[PDB]
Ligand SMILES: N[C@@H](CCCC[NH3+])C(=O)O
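One chain is shown next in structure tokens, namely the form solved without this ligand.
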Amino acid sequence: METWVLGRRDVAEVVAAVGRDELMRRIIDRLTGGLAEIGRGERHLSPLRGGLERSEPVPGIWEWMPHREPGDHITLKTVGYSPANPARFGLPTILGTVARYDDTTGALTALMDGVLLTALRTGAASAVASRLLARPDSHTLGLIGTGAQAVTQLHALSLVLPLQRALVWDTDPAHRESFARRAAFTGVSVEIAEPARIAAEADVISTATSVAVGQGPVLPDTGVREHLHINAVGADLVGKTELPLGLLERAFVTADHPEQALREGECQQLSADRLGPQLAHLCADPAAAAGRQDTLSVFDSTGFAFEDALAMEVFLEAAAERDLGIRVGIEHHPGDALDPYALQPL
């Protein structure tokens, strides 16, 4: 009958009401269970997503990401990757919204912010993969790219690993300078450090950069620690990669969405047969990751709509708890179904 809209201010209230740590953990839990269900064949990976490339001011892409729950609802995330946004407009690079449509009737039932939600579920996905593939006594996090994702990468990982410090690099000096402030709520100290030092000293690394197509790697193939786990998070355009090939070829690599990663993720650099089990399989049967915490591992993260549906559910339950949001009659639902012009006055 009406659309439930949660805006920027409701999303802020959700985070306050739940707590940043608890909210992240909720999403981590829901992702874990959902992924296991996919891994058991009980739910399906989202279909491949579509997109429109944009040249100006620098190259980006704008995408639609559907996920259907047959007989309940369709989720669609509409989201932009616009890497000039912070410097040119004071806007996040990743800018989006997430909509829910009733599957039986098509009606738009809910609409909310995609920015916070994307950051949270992306951080969560790394935590999921890192609980399986990083040493549980991991103490040093490395971060290449210290923009918006870096924050929830650090946050999420600090919740599943006993992190004591983060060594961080960004090619924009102002962005690496501000990271300690943005990270300080998590209690993990932060030290700026060049890619070679991060490689050599980190136990777990997340790369989440706006690197250009064809300009990788963002982490050099120097010595790494034997047990290093890398969450490879950066991903927008085809031809965009973050890690060096020689590193990928020696790694146990798991993808979030193998078909998508082979096209848009680090797995662009590999053939399918060289991938370990996908993330959903590992979630469904964690013992299949058994010795991999102690050897070189890569989680190839690209993002997919199921993760957004799950995260949106978490938000909606919290917002329901505290009746946040407004209700807007957006759709024209004429009482006369058959009359476009039955516009409604009582």
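In this text, residue numbers run from 1 along the sequence as written. Rigid core (definition): largest C-alpha set, two forms, superposition within 1.5 Å. Residues that one form lacks are left out of the comparison.
Another form exists, deposited with this ligand bound; not displayed. Remarks below refer to it.
Trainee: Please classify the binding site as open or blocked after superposing this ligand from its position in the entry with it bound; blocked means at least 3 ligand atoms come within 2.4 Å of backbone or C-beta atoms of this form.
Mentor: With this ligand superposed from its pose in the entry with it bound, the site reads as open.
Trainee: Please run the contact check for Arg49 against this ligand in the entry with it bound: heavy atoms, 4.5 angstroms, yes or no?
Mentor: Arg49: yes, in contact with this ligand in the entry with it bound.
Trainee: With heavy atoms only and a cut-off of 4.5 Å, decide whether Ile61 touches this ligand in the entry with it bound.
Mentor: Yes, contact at 4.5 Å.
Trainee: Should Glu53 be counted as a contact of this ligand in the entry with it bound, where contact means heavy atoms within 4.5 Å?
Mentor: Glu53: yes, in contact with this ligand in the entry with it bound.
Trainee: Answer with yes or no whether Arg263 is in contact with this ligand in the entry with it bound, where contact means some heavy atom within 4.5 Å.
Mentor: Within the cut-off, so yes.
Trainee: In the entry with it bound, which of the stretches 100-108, 67-75, 263-271, 129-137 has residues with heavy atoms within 4.5 Å of this ligand?
Mentor: Result of the contact check: 263-271.
Trainee: What residues in 203-236 sit within 4.5 Å of this ligand in the entry with it bound, counting heavy atoms only?
Mentor: Sequence-ordered list has one entry, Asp236.
Trainee: Please list the stretches that shift between this form and the one not shown, defined as three or more consecutive residues with CA displacements of 2 Å or more after core superposition.
Mentor: Moving region between this form and the one not shown: 344-346, nothing else.
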